[PDB]
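The block underneath contains the structure these notes are about, expressed in structure tokens.
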Amino acid sequence: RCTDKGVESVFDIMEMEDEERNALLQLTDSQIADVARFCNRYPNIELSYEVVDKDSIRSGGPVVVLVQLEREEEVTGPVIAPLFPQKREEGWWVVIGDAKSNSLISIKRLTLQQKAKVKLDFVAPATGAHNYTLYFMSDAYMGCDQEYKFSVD
């Protein structure tokens with residue numbers, strides 16, 4: 001039903017109203033209690049990046065990118081695991097790489113539960129600027145593959 005209308009992801013469905021949510025397909029008294037809770041427990045974390053010396057960067061000098069995970073929702077309980085046997089805490093992976101060369105620049109695990117900070121350093125080669133992409137991938141939920149493209153040097 002969703003493919004025949006033009007909605008595929010959860011963000012394209014969570015942006016509707018309560019009547020619109022129940023007006024797309026069938027609904028039940030228990031689905032609303034669990035569906036609403038799953039959406040509240042999903043990671044609603046925004047991105048925030050900072051680069052130091054974007055123009056004053058040369059070849060050889062190490063560069064760092066600071067990433068702040070601005071979470072706009074409170075964390076109440078672990079991730080939803082209807083099929084997973086163990087209750088595990090959600091994790092994060094702040095990974096930066098090359099979208100074309102397919103080279104992983106850096107990656108660091110993160111567990112905040114709130115607005116935290118993560119710093120990652122790397123070394124850039126010569127021959128001017130390099131176009132890097134910063135991605136945030138979790139290990140427990142989809143729909144949060146936030147990719148930001150930028151360049152340094």
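Chain labels run A, B, ... following the order of the structure tokens; each chain numbers its residues from 1, and ligands are numbered from 1 in the order shown.
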
Expected answer as a PyMOL selection string: strand (DSSP E) residues in region 12-145 of chain A: chain A and resi 45-46+49-51+62-71+92-97+104-110+116-123+130-138

Compile a residue-level contact table for region 84-120 of chain A against region 60-68 of chain A at a cut-off of 7 Å, reporting for every qualifying residue the shortest atom pair and its distance in Å to one decimal, with only C-alpha atoms counted, rows ordered by chain and ascending number, as a Markdown table.
| residue | atom | partner | partner_atom | distance |
| --- | --- | --- | --- | --- |
| A:115 | CA | A:68 | CA | 6.8 |
| A:116 | CA | A:68 | CA | 5.8 |
| A:117 | CA | A:68 | CA | 4.7 |
| A:118 | CA | A:67 | CA | 5.2 |
| A:119 | CA | A:66 | CA | 4.6 |
| A:120 | CA | A:64 | CA | 5.5 |

To one decimal place in Å, what is the distance between CA of residue 33 (chain A) and CA of residue 137 (chain A)?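 Those two atoms sit 27.4 Å apart.
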
Using only C-alpha atoms, which of A:32, A:16, A:107, A:7 sits nearest residue 135 (chain A)?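 So, comparing all the options, the nearest one is A:107.
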
Extract, using only C-alpha atoms, all DNA, RNA and protein residues at most 7 Å from residue 153 (chain A), discarding same-chain residues fewer than 6 positions from it, and format them as a PDB file with N, CA, C and O atoms, in the first residue's frame.
ATOM      1  N   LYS A  54      39.768  25.471   8.379  1.00  0.00           N
ATOM      2  CA  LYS A  54      39.331  24.954   7.087  1.00  0.00           C
ATOM      3  C   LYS A  54      40.194  25.498   5.955  1.00  0.00           C
ATOM      4  O   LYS A  54      40.574  24.758   5.039  1.00  0.00           O
ATOM      5  N   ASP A  55      40.514  26.792   5.999  1.00  0.00           N
ATOM      6  CA  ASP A  55      41.325  27.394   4.948  1.00  0.00           C
ATOM      7  C   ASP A  55      42.814  27.297   5.256  1.00  0.00           C
ATOM      8  O   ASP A  55      43.627  27.094   4.347  1.00  0.00           O
ATOM      9  N   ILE A  57      44.857  25.064   6.235  1.00  0.00           N
ATOM     10  CA  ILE A  57      45.230  23.660   6.344  1.00  0.00           C
ATOM     11  C   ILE A  57      46.172  23.320   5.198  1.00  0.00           C
ATOM     12  O   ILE A  57      45.884  23.624   4.035  1.00  0.00           O
ATOM     13  N   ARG A  58      47.294  22.692   5.529  1.00  0.00           N
ATOM     14  CA  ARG A  58      48.301  22.298   4.555  1.00  0.00           C
ATOM     15  C   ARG A  58      48.456  20.777   4.565  1.00  0.00           C
ATOM     16  O   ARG A  58      47.806  20.067   5.337  1.00  0.00           O
ATOM     17  N   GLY A 128      46.091  19.545  -2.583  1.00  0.00           N
ATOM     18  CA  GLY A 128      44.913  20.356  -2.348  1.00  0.00           C
ATOM     19  C   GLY A 128      43.844  19.725  -1.481  1.00  0.00           C
ATOM     20  O   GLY A 128      44.142  18.929  -0.585  1.00  0.00           O
ATOM     21  N   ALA A 129      42.588  20.080  -1.744  1.00  0.00           N
ATOM     22  CA  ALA A 129      41.479  19.663  -0.898  1.00  0.00           C
ATOM     23  C   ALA A 129      41.026  18.250  -1.239  1.00  0.00           C
ATOM     24  O   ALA A 129      41.219  17.770  -2.360  1.00  0.00           O
ATOM     25  N   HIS A 130      40.420  17.585  -0.256  1.00  0.00           N
ATOM     26  CA  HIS A 130      39.857  16.251  -0.424  1.00  0.00           C
ATOM     27  C   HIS A 130      38.419  16.283   0.067  1.00  0.00           C
ATOM     28  O   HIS A 130      38.145  16.801   1.155  1.00  0.00           O
TER      29      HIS A 130
END

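Computed from the coordinates, the CA of residue 41 (chain A) to CA of residue 143 (chain A) distance equals 13.1 Å.
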
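Distance check against residue 45 (chain A) using only C-alpha atoms: of A:124, A:25, A:144, A:101, the minimum falls on A:144.
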
Please determine, counting only C-alpha atoms, which residue among A:56, A:27, A:111, A:125 has the shortest atom-to-atom distance to residue 94 (chain A).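 Ranked by minimum distance to residue 94 (chain A), first place goes to A:111.
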
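With distances restricted to only C-alpha atoms, A:104 is the closest residue to residue 123 (chain A) from A:47, A:69, A:104, A:11.
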
Please indicate the distance in Å from CA of residue 14 (chain A) to CA of residue 42 (chain A), rounded to one decimal place.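 About the pair CA of residue 14 (chain A) and CA of residue 42 (chain A): they are 11.6 Å apart.
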
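In terms of minimum interatomic distance to residue 3 (chain A), A:24 ranks closest within A:17, A:100, A:24, A:70, counting only C-alpha atoms.
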
Using only C-alpha atoms for the distances, tell me which of A:52, A:142, A:75, A:80 is nearest to residue 34 (chain A).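 Checking each candidate against residue 34 (chain A), we get A:80 as the closest.
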
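The environment of residue 93 (chain A) within 7 Å, counting only C-alpha atoms and disregarding residues fewer than 6 places along the same chain, consists of residues 107, 108, 109, 110, 136, 137 and 138 of chain A.
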